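Peer 1: Encoded as structure tokens, here's the structure I'll be asking about.
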Amino acid sequence: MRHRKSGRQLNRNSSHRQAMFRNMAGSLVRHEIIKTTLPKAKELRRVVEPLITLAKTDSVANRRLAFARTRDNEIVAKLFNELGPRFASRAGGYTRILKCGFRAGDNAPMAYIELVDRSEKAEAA
Amino acid sequence: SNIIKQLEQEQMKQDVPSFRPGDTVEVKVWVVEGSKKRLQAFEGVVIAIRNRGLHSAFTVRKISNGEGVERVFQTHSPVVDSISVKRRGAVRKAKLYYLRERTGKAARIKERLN
Amino acid sequence: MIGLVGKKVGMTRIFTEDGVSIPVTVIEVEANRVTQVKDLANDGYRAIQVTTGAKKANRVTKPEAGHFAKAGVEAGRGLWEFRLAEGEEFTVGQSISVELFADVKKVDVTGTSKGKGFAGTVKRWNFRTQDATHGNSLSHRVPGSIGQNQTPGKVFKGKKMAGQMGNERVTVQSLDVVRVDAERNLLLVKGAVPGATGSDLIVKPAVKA
Amino acid sequence: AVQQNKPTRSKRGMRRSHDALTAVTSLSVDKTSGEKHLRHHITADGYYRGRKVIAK
Amino acid sequence: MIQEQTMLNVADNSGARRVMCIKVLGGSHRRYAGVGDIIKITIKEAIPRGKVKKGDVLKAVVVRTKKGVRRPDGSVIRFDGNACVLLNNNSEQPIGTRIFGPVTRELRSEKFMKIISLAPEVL
RNA sequence: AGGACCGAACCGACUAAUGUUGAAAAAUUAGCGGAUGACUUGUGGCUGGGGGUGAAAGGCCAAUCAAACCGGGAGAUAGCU
RNA sequence: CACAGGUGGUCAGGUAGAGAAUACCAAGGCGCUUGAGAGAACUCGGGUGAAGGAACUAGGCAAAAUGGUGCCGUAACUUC
RNA sequence: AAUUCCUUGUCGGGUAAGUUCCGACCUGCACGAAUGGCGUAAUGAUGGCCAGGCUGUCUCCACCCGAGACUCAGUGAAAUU
RNA sequence: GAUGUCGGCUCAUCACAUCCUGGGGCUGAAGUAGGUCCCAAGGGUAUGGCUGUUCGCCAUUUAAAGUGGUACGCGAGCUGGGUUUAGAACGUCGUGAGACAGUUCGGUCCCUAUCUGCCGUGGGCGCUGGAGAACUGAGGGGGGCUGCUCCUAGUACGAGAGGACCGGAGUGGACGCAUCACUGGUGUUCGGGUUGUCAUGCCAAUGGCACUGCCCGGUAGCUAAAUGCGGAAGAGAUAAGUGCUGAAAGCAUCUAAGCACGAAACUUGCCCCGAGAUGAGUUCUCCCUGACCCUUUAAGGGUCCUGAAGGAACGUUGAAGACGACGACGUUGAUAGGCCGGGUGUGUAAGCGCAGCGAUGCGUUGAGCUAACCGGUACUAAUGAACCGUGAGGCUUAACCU
Ligand SMILES: Nc1nc2[nH]cnc2c(=O)[nH]1
Ligand SMILES: [Mg+2]
Ligand SMILES: [Mg+2]
Ligand SMILES: [Mg+2]
Ligand SMILES: [Mg+2]
Ligand SMILES: [Mg+2]
Ligand SMILES: [Mg+2]
Ligand SMILES: [Mg+2]
Ligand SMILES: [Mg+2]
Ligand SMILES: [Mg+2]
Ligand SMILES: [Mg+2]
Ligand SMILES: [Mg+2]
Ligand SMILES: [Mg+2]
Ligand SMILES: [Mg+2]
Ligand SMILES: [Mg+2]
Ligand SMILES: [Mg+2]
Ligand SMILES: [Mg+2]
Ligand SMILES: [Mg+2]
Ligand SMILES: [Mg+2]
Ligand SMILES: [Mg+2]
Ligand SMILES: [Mg+2]
Ligand SMILES: [Mg+2]
Ligand SMILES: [Mg+2]
Ligand SMILES: [Mg+2]
Ligand SMILES: [Mg+2]
Ligand SMILES: [Mg+2]
Ligand SMILES: [Mg+2]
Ligand SMILES: [Mg+2]
Ligand SMILES: [Mg+2]
Ligand SMILES: [Mg+2]
Ligand SMILES: [Mg+2]
Ligand SMILES: [Mg+2]
Ligand SMILES: [Mg+2]
Ligand SMILES: [Mg+2]
Ligand SMILES: [Mg+2]
Ligand SMILES: [Mg+2]
Ligand SMILES: [Mg+2]
Ligand SMILES: [Mg+2]
Ligand SMILES: [Mg+2]
Ligand SMILES: [Mg+2]
Ligand SMILES: [Mg+2]
Ligand SMILES: [Mg+2]
Ligand SMILES: [Mg+2]
Ligand SMILES: [Mg+2]
Ligand SMILES: [Mg+2]
Ligand SMILES: [Mg+2]
Ligand SMILES: [Mg+2]
């Protein structure tokens, strides 16, 4: 059974699933909005939303912690410097999921995942 | 869960002394020695602590007559009268399950001076 | 005697004065308001229909709402009937408390078991597994032979086979009634009861010894 | 395990009784774009619940 | 949790050192023996001039187990090894005159009364 | 020194599971034997069908060898279906 | 067959290593031409298991186990 | 006994219990001297038997990680009748 | 123009010529224990050594270790040890090739389930206007085992030795269900230690890979070894049996009339399913109150207007789940995620300071981190809407009411 168990396997092993969510949580922080399949999108929320909760407090530890979680200094920068103080007031729920259509080649149900308070100027550059 | 926590703390002990793994405790327990109700002691190393409110337990190991004897005490049980730290133990891990394969001289636990 | 509808809060323990741990199941039994009294003249049998707790006004349909309306009681999560002993009498609207079991020694608890989903013969029927090795071919948990030969040349009805396990009506009998607390809408019973936390139960006084 | 008799065309037609599709009845129109889109789905021009949410 | 083929140490001066459980007595298909249940044993290792010899088939009361006994409060008592006490085949009484190691208060019953007195420690 | 020892490449193929409308008309995976020798391998050459070759299993001789394949006698014959 | 098979010779970076083993890497080359979900029985392939330890079975099949270097030390028998 | 039908021969050993094993006897249905007899150290992916260790082999299954199985989209077989 | 063989495993189902438990007649039955027969099929009915063995012998249990049928049940369920291939040997037979119904060593077990059957689970329509609940209970299934000790009583009984009936209490074995509070197992999503190597410039910290690299612990969950509960008592009608009254047959006679008893079998009783119970039942509540045309004029066909209750959809989901189904919630909102506080688990993070040549230690510091958990919180997402389903519902008769 699956009684009270949390977390999708997404037809991938632990190490793969982890690295995929490390890259994806990167891509979102960078482009502030990404298109992906709805199940992945819904799981990405459990990865990215606490990274921002970290970035709300600037510290050497917190920075290294988020670093070990992202493995990209470009992302840890954007987090503590920008997003943290952007979502400074906001008590969770830093992302939004917009269901779009269905992918061609495989009929997967797609979605957009964006940062609640989006910067169209940081997203393009 | 709210009702359950209410029913549990009203049954919970308030006087429990602090002890951690490594510490050598002397559990004074209520027993019926045939036609008598007296206190028996069980002085041994605390090798495990389970923290679960009312359901909190702990494992005490002693080497009685060459053989190892562990006892699992339910902390909030009325059976358990007193708990007393006889020596403060110095260990790293929270479960000293490795000790079960150690004898006499190898099994010694350093004193925690602090 | 009548029964009361309740809710499974969960299992805990009770430590006695003589240092014994009684394993208990906390049962939240709020008041059970009568919504219909069934009599021989109108229904052909004697029973009381009751409701308990509350239900979202928007979630209460026009037919349900009106049924409750007639009784002059607030809508509950559902309705359950209890057959009346010769003599037992109640009025519509009359509220029943867990204190009904205040002097009932043992009770029978009817719940809805947790659902295991599709279960194999090994779990479902306690079938013994075939050999793990010694040349066994893709036949470890399988049910083995399911019949004879030309005679009868069919599988008999009721054959123990894999299928849906759990999530069904289950009664546990003769459980010791540990505590009754009106003020706290509580019932304490020795031993486990069917169902998951938060599911509905039915407490009735023990039918057997 | 194969068949002993050819199943008939009626039997084929029978097995296929629950094979029919379900027309999407969930189409709504956007109060701003005047665009058909699925219920709880962004429009082809990136509109959702009247606001332009995606710039695509 | 003693069963057929389970080897046990001896908690007495009966002469036996190692005994093997050959049958869990006390009911058809009975699976396990626990602290205070009678078993049929075969002596596998024995001292040169003790009361019993190697190969002797007889009975035994289990006194200590690795699984151990439970108490009304939930309290467990685990021992480091499974050990029994040799019993006279028909009399179901102790072959030894002395008991070694600690035993539990579970034994206190009229037929195992001897064992708890002689016993050095009772838990 | 050695048809010496342990062990990769290389040469084998003892066990198990899988696979058995296979990934494969003989494999894969884990373990296994030999590994300076009667070792192993590239290229080219000789031996042809009652014939070859064979540390011999009727083995092998181009995916079925107690007598290869192709074509012919040929529509052999078939008291059999 | 765009097939887990078969196919002779040459080359031999770094750290660890006895090594051409193995592990991670370099240069270089690839993710194997259906994907998305879900997380039932059952099958394959793995990880861990309380107490017991061959009671399994035709048979310890299969697992599990052992595993390196140096030194100490090593029985019957023997063609030494 | 790779040989013994009667036969699980008899005895001794090992085990709680041993149609196998080891030792012994001889009544060899139907051993026997290069169709070699009888021994033998070493060697053996050889056959029988025992012990320690070891464990899901078993008591008696549990839980977990993966590839299928199931659902959606694309492609799209087979034996048989 | 193929019905796979012994034995095992897994799973069984029936008979009763009954192994145990139950009732009972005789006994060469004192008691205890037997012997024999009658009734009885409800449940129960060992594990090992040896051998391929079934069987059997043996060991040790047990209340018992039943006898048979089911293609000597069961290979499109597994095994392949026995037994018919091809290799080889011994004995024996034959000049020989070879042979044995003699032994011995080795030796390929395919099949994606169309029909029936069976286990689960849905879709349709029906039940006469539609709809939501709660029931009734025709019927079907499940279950049904038993040891030991104690009281009566060391009494009846017996010369003792011994040792009960009836009835009552307690505790087990085996089996079944449910549960996760406890003891635990697992827990590749939590925390720590560590080996090799590569990377983040480097130090310091970290991450990747090496079975989760190798390990130590462990949350929720699932779960057995864990801990609750069950078999019943009672009622009815009986079996074999035991009798009361009693003729036929002045007597006798359990039987012919009448009457009292009598079993784990049977019907109830307990548990589950259950009105497709088409014989489609009941109870309560809810919803709908426009016209027109045509024809073969009738339970006729169509059009306009209408679109209720309800169901469903779509979304967030669930200790519900293959899918379907079932439950919770959808802003008048805790349904999921996030967020806050707590718990739990791991075991004193980073950084800095001090001690030491250094490995390393100490203080800050029970630190840091912490999944599925408990208590909260609208921060993100659950949108106003659509679709199916209608528009007062047949005739006959009776009883009321007009
Ligand atoms: N979207 C939506 N919200 C609801 N809230 C309550 N009922 C409904 C419903 O049918 N649809
Ligand atoms: Mg896939
Ligand atoms: Mg890895
Ligand atoms: Mg109900
Ligand atoms: Mg479930
Ligand atoms: Mg088995
Ligand atoms: Mg196979
Ligand atoms: Mg297998
Ligand atoms: Mg068959
Ligand atoms: Mg028939
Ligand atoms: Mg050599
Ligand atoms: Mg090669
Ligand atoms: Mg290989
Ligand atoms: Mg070798
Ligand atoms: Mg070698
Ligand atoms: Mg050549
Ligand atoms: Mg030949
Ligand atoms: Mg001619
Ligand atoms: Mg011809
Ligand atoms: Mg390809
Ligand atoms: Mg290599
Ligand atoms: Mg184990
Ligand atoms: Mg262990
Ligand atoms: Mg051992
Ligand atoms: Mg055996
Ligand atoms: Mg066996
Ligand atoms: Mg092996
Ligand atoms: Mg291994
Ligand atoms: Mg043996
Ligand atoms: Mg001999
Ligand atoms: Mg060789
Ligand atoms: Mg045919
Ligand atoms: Mg009879
Ligand atoms: Mg007779
Ligand atoms: Mg029977
Ligand atoms: Mg007997
Ligand atoms: Mg047969
Ligand atoms: Mg097969
Ligand atoms: Mg031959
Ligand atoms: Mg034969
Ligand atoms: Mg009826
Ligand atoms: Mg982590
Ligand atoms: Mg460093
Ligand atoms: Mg029903
Ligand atoms: Mg420190
Ligand atoms: Mg927290
Ligand atoms: Mg109308």
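Following the order of the structure tokens, first chain is A, next is B, and so on, with residues numbered from 1 inside each chain and ligands from 1 in the order they appear.
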Compute the set of protein, DNA and RNA residues whose minimum atom distance to ligand 26 is at most 12 Å, using only C-alpha atoms (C1' of nucleotides) and all ligand atoms, and state it as a PDB file with C-alpha atoms (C1' of nucleotides), in the first residue's frame.

Peer 2:
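What landed in result.pdb:
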```
ATOM      1  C1'   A G  54      19.520 -26.972   7.240  1.00  0.00           C
ATOM      2  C1'   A G  55      14.339 -28.071  11.111  1.00  0.00           C
ATOM      3  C1'   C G  56      14.509 -26.787   3.755  1.00  0.00           C
ATOM      4  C1'   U G  57      15.520 -30.211  -0.003  1.00  0.00           C
ATOM      5  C1'   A G  58      16.424 -35.797  -4.073  1.00  0.00           C
TER       6        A G  58
ATOM      7  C1'   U H  57      16.881 -22.930   2.296  1.00  0.00           C
ATOM      8  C1'   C H  58      13.075 -23.583   6.045  1.00  0.00           C
ATOM      9  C1'   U H  59       9.665 -22.291  10.849  1.00  0.00           C
TER      10        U H  59
ATOM     11  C1'   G I   8       6.948 -34.227  -3.558  1.00  0.00           C
ATOM     12  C1'   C I   9       5.050 -28.785  -3.232  1.00  0.00           C
ATOM     13  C1'   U I  47       7.342 -32.681  13.427  1.00  0.00           C
ATOM     14  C1'   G I  48      11.651 -35.124  12.393  1.00  0.00           C
ATOM     15  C1'   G I  49      15.836 -39.632  11.011  1.00  0.00           C
ATOM     16  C1'   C I  50      16.316 -43.060   6.777  1.00  0.00           C
TER      17        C I  50
END
```

Peer 1: Which residues form the shell of 10 Å around ligand 42 when you count only C-alpha atoms (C1' of nucleotides) and all ligand atoms, given as a PDB file with C-alpha atoms (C1' of nucleotides), in the first residue's frame?

Peer 2:
```pdb
ATOM      1  CA  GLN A  18      17.234  14.225  -6.694  1.00  0.00           C
ATOM      2  CA  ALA A  68      24.664  22.039  -1.042  1.00  0.00           C
ATOM      3  CA  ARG A  69      20.990  21.925  -2.079  1.00  0.00           C
TER       4      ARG A  69
ATOM      5  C1'   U I 189      12.555  10.437   0.890  1.00  0.00           C
ATOM      6  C1'   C I 190      15.600  11.904   8.212  1.00  0.00           C
ATOM      7  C1'   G I 191      20.304  12.508  10.952  1.00  0.00           C
ATOM      8  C1'   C I 369      19.650  19.817  10.439  1.00  0.00           C
ATOM      9  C1'   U I 370      15.092  17.122  10.543  1.00  0.00           C
ATOM     10  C1'   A I 371      10.177  12.882   5.255  1.00  0.00           C
TER      11        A I 371
END
```

Peer 1: Within 10 Å of residue 102 of chain E, counting only C-alpha atoms (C1' of nucleotides), which residues qualify if same-chain residues fewer than 2 places away don't, as a ChimeraX atom specification?

Peer 2: /B:64-69 /E:11,63-64,79,99-100,104,116,119-123

Peer 1: Can you work out which residues are within 9 Å of ligand 10, considering only C-alpha atoms (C1' of nucleotides) and all ligand atoms, and then hand them over as a list in words?

Peer 2: residues 150, 151, 152, 153 and 154 of chain C

Peer 1: Considering only C-alpha atoms (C1' of nucleotides), state which residue in the set G:20, G:65, G:71, G:80 is at the smallest distance from residue 53 of chain H.

Peer 2: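 Closest residue, counting only C-alpha atoms (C1' of nucleotides): G:65.
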
Peer 1: Can you pull out the residues contacting residue 41 of chain F? Cut-off 10 Å, using only C-alpha atoms (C1' of nucleotides), and skip same-chain residues under 2 positions away; I want them as a PyMOL selection string.

Peer 2: (chain F and resi 10-11) or (chain G and resi 8)

Peer 1: What is the atom CA of residue 5 of chain A to atom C1' of residue 218 of chain I distance in Å?

Peer 2: 16.9 Å

Peer 1: Within 12 Å of ligand 28, counting only C-alpha atoms (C1' of nucleotides) and all ligand atoms: which residues, as number ranges by chain?

Peer 2: F: 30-31; G: 62-66; H: 54-55

Peer 1: I need the residues of chain C that end up classed as strand (DSSP E or B) by DSSP on the backbone, written out as an NGL selection string.

Peer 2: :C and (4-15 or 21-28 or 32-38 or 47-52 or 80-83 or 95-96 or 106-112 or 115-119 or 149 or 152 or 163-166 or 169-181 or 186-190 or 200-205)

Peer 1: Can you check which residues of chain E have any atom within 7 Å of chain C? Use only C-alpha atoms and format it as a count of residues only.

Peer 2: 3

Peer 1: Taking only C-alpha atoms (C1' of nucleotides) and all ligand atoms into account, which residues are within 9 Å of ligand 43, as a list in words?

Peer 2: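 Listed by chain and ascending number, the contacts are residues 203, 204 and 205 of chain I.
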
Peer 1: For the atom pair atom CA of residue 67 of chain A and atom CA of residue 46 of chain A, what is the interatomic distance in Å to one decimal place?

Peer 2: 17.0 Å

Peer 1: Measuring between only C-alpha atoms (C1' of nucleotides), which one of H:78, H:2, H:16, H:33 shows the shortest distance to residue 58 of chain I?

Peer 2: H:16

Peer 1: Show which residues sit within 8 Å of residue 93 of chain B, as a list in words. Count only C-alpha atoms (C1' of nucleotides), and ignore same-chain residues fewer than 2 positions away.

Peer 2: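 Selected residues are residues 21, 91, 95 and 96 of chain B; 217 and 347 of chain I.
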
Peer 1: For the residues in the current selection, export N, CA, C and O atoms (P, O5', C5', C4', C3', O3' and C1' of nucleotides) as a PDB file, in the first residue's frame.

Peer 2:
```pdb
ATOM      1  N   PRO B  21      21.947   8.344  27.036  1.00  0.00           N
ATOM      2  CA  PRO B  21      22.708   7.101  26.840  1.00  0.00           C
ATOM      3  C   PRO B  21      24.141   7.192  27.400  1.00  0.00           C
ATOM      4  O   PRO B  21      24.740   8.272  27.361  1.00  0.00           O
ATOM      5  N   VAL B  91      29.373   9.311  25.776  1.00  0.00           N
ATOM      6  CA  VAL B  91      29.256   8.633  24.470  1.00  0.00           C
ATOM      7  C   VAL B  91      28.835   9.612  23.373  1.00  0.00           C
ATOM      8  O   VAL B  91      28.422  10.742  23.678  1.00  0.00           O
ATOM      9  N   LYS B  95      22.149   5.365  20.452  1.00  0.00           N
ATOM     10  CA  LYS B  95      21.853   3.966  20.693  1.00  0.00           C
ATOM     11  C   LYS B  95      23.195   3.225  20.796  1.00  0.00           C
ATOM     12  O   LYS B  95      23.977   3.196  19.840  1.00  0.00           O
ATOM     13  N   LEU B  96      23.494   2.680  21.977  1.00  0.00           N
ATOM     14  CA  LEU B  96      24.748   1.952  22.241  1.00  0.00           C
ATOM     15  C   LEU B  96      24.560   0.431  22.065  1.00  0.00           C
ATOM     16  O   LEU B  96      24.870  -0.382  22.951  1.00  0.00           O
TER      17      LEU B  96
ATOM     18  P     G I 217      23.034  -0.312  14.925  1.00  0.00           P
ATOM     19  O5'   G I 217      22.214   0.903  15.579  1.00  0.00           O
ATOM     20  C5'   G I 217      21.026   1.371  14.980  1.00  0.00           C
ATOM     21  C4'   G I 217      20.777   2.814  15.347  1.00  0.00           C
ATOM     22  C3'   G I 217      19.336   3.262  15.186  1.00  0.00           C
ATOM     23  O3'   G I 217      18.570   2.965  16.382  1.00  0.00           O
ATOM     24  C1'   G I 217      20.769   4.803  14.133  1.00  0.00           C
ATOM     25  P     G I 347      23.844   9.402  16.005  1.00  0.00           P
ATOM     26  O5'   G I 347      24.043  10.877  16.544  1.00  0.00           O
ATOM     27  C5'   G I 347      24.904  11.802  15.866  1.00  0.00           C
ATOM     28  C4'   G I 347      25.028  13.091  16.661  1.00  0.00           C
ATOM     29  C3'   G I 347      25.923  13.010  17.896  1.00  0.00           C
ATOM     30  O3'   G I 347      26.381  14.267  18.142  1.00  0.00           O
ATOM     31  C1'   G I 347      23.789  13.540  18.577  1.00  0.00           C
TER      32        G I 347
END
```

Peer 1: Give the residues close to ligand 16, within 10 Å, counting only C-alpha atoms (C1' of nucleotides) and all ligand atoms; write them as a ChimeraX atom specification.

Peer 2: /F:42-45

Peer 1: For ligand 21, return the neighbouring residues as a PDB file with C-alpha atoms (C1' of nucleotides), in the first residue's frame (distance at most 10 Å; only C-alpha atoms (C1' of nucleotides) and all ligand atoms).

Peer 2:
```
ATOM      1  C1'   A F   8      43.463 -10.258 -15.848  1.00  0.00           C
TER       2        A F   8
ATOM      3  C1'   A G  20      46.487  -4.476 -18.660  1.00  0.00           C
ATOM      4  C1'   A G  21      42.243  -6.255 -11.980  1.00  0.00           C
ATOM      5  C1'   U G  22      38.973  -2.815  -9.893  1.00  0.00           C
ATOM      6  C1'   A G  23      37.030   2.524  -8.360  1.00  0.00           C
TER       7        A G  23
END
```
